[PDB]
C-alpha cells in the first residue's frame, strides 16, 4: 500500500502546504495542513479533507519542476473545468515511487 506525507499547491495563498496522503483502491486521499491543524490546536483537523478518483485523472511529471519545488507530479483531469491538483515531494526517489503507483492505476 502506498502512503506518506506530500506537499500540495494551494493556488490561493500561493504556497506549498504539507498533507498526509494515501492510496486505496483507485482513490487518493489528503488531509488538512498537518502544520496548522497544529498551529491552531484544532481537532476538527481532519485526516481526510478530500478524496480524488484517480480513474478520472491522469499523471504527468514536471521535468522543470514548479513553484520553487524540484520534484513534482500533477494530476490533470478528464472533465474540463476541473483544475489540476499539484503535488510535490522532498526526495527524488519518493517522486518516482508515487508516479509509479498512480500510473500503475490510471493505465490499469
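Residue numbers count along the first chain shown, from 1.
Report task. Taking the values exactly as deposited, rank residue 25 by C-alpha B-factor within its chain and report the matching third: lowest, middle or highest. Result -> Highest third, going by the recorded CA B-factors of the chain.
Requested in this report: Report the third (lowest, middle or highest) to which the CA temperature factor of residue 88 belongs, ranking only the modelled residues of the same chain.
Outcome: Bottom third by C-alpha B-factor.
Report task. Just say lowest, middle or highest third for the CA B-factor of residue 42 relative to the other modelled residues in its chain. Result -> Answer is lowest: the recorded C-alpha B-factor places it there.
Query raised in the report: Taking the entry's C-alpha B-factors for this chain, is residue 105 in the lowest, middle or highest third?
Result: Its C-alpha B-factor, which the entry lists for residue 105, ranks in the highest third among residues of this chain.
Query raised in the report: Within this chain, which third does the Cα B-factor at residue 35 fall in: lowest, middle or highest?
Result: Tercile = highest for this residue's CA B-factor.
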